[PDB]
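Here is the structure we will look at.
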Amino acid sequence: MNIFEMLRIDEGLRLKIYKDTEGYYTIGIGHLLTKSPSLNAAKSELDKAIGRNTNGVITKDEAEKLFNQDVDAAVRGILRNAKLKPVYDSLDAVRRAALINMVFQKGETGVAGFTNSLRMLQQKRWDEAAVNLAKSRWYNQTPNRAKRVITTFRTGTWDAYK
Ligand SMILES: [Cl-]
């Protein structure tokens, strides 16, 4: 199991533009196009991201490309965030995947904000962190996914995903 498989599970795959849990225009593997309410804008954005006139639809391959670029970026934002870096650096491999998941789903910034639980992860306070992480808008809006991640942070294993 690894990052890609993980996220692929959490985010699914759609070849046609859709609205996410928050109602935003998204595509492929959790690839967010826009916060705006215009399907057109979303279309523009897509074309631009794909490099062509898509008409709201893309190929699997394209979807995948987006995905790598996205995983890549997530990591990098992590590597560039003065708050994230240290944490990540101190984590074992499995757990990093978890931090990356969150970052992918909510943004560096978003994540950069879980100060306390980040602190907890740093000191390796698994159980406390999990509780902490649970008290969030994030958990409350996407309970099942949040659970997987949290479990993940908690045990250092892929069971949540098995
Ligand atoms: Cl969920």
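The backbone N, Cα and C atoms fix where each Cβ goes, and this holds for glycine too.
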Recorded substrate site member, picked from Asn40, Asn132, that accompanies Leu32, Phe104, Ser117 in Swiss-Prot: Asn132
Substrate site span - longest C-alpha distance across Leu32, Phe104, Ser117, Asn132, in Å: 27
Within 10 angstroms of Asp20 (active site, proton donor/acceptor), Cα basis - binding-site residues out of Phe104, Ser117, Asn132: none
In three-state DSSP terms, the structure that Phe104 (substrate binding site) belongs to: helix
Secondary structure of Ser117 (substrate binding site) (DSSP, helix/strand/coil): helix
